[PDB]
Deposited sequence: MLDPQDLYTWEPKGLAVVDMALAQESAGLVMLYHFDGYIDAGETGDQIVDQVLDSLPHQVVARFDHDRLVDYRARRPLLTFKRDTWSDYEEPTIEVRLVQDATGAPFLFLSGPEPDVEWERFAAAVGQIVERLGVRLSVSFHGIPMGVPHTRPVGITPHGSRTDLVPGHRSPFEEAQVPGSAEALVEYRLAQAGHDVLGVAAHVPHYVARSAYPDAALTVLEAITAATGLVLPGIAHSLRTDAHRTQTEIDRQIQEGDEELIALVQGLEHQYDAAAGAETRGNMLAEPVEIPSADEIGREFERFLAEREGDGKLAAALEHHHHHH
């Protein structure tokens, strides 16, 4: 049943098994899918930065042809000349990656599965067990009533909340969330980091939120990612400038919104 959902790449698996043999602690796995709420593209930016900047290769491939609804989110063909020249498969993969140090870690990403989340969670549990994963770490942005002119708040959640140095709510499920819940029920350590992203900047990239999340992750896992922190820092500068001019040049109501949210923020702590 759940094992039918994925297959192993021997190269990636050999390299993992050699990391496991040389370090008894085991590996961290980061995971994040594209398809649920992710205010400010906080998780999406991090996924992009990892896969674009760091050396990696596949270790397990999920069967996206069974898991991904193609009419709902239509993968891109490329047209060149006259004919189809290429196709972006909507892959869902566990990759072996190295940080700037050369330290190995795992990274599970692609489109959020549309279906069969219980079987998918159970598959991810077998992968976590087979690859000696010691900690699984999810991350995303949630839109909040907070100002862009104050630092990004975060909500760490899961069983390893202690790694990031009153509340009872119902949240629409996502595949990562159910994966996290099933992993914890099986005894595995989970953390998650949700960035608090200002509602009114939520539907573009908010690099400050990706940066603040990347530094909680890096602080919690011991992974070292200075090039990515730097690129995000740079984007955040450009983005704060753009946001300032928008508010400054807009509506009275929008100005009054930011000041009203600043006041709420400063009055709390």
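Gaps between the deposited sequence and the modelled coordinates occur at 1-2, 168-172, 277-325, listed in sequence order.
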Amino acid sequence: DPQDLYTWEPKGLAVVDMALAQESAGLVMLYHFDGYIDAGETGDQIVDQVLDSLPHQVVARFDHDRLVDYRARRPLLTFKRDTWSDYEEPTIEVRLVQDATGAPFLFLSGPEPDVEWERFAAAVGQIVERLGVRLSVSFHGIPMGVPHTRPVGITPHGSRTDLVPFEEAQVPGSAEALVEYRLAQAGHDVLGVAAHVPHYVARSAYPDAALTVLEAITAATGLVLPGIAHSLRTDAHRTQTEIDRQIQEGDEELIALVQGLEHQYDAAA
From here on, numbers count along this sequence of modelled residues.
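Annotation for residue 207: CA B-factor lies in the middle third of the chain's modelled residues. In this PDB entry, residue 89 carries a Cα temperature factor that places it within the middle third of its chain's modelled residues.
Sort the modelled residues of the chain by CA B factor and residue 198 lands in the lowest third.
Among the modelled residues of its chain, residue 106 has a C-alpha B-factor that falls in the middle third according to the deposited record. Among the modelled residues of its chain, residue 114 has a C-alpha B-factor that falls in the highest third, as given in the PDB entry.
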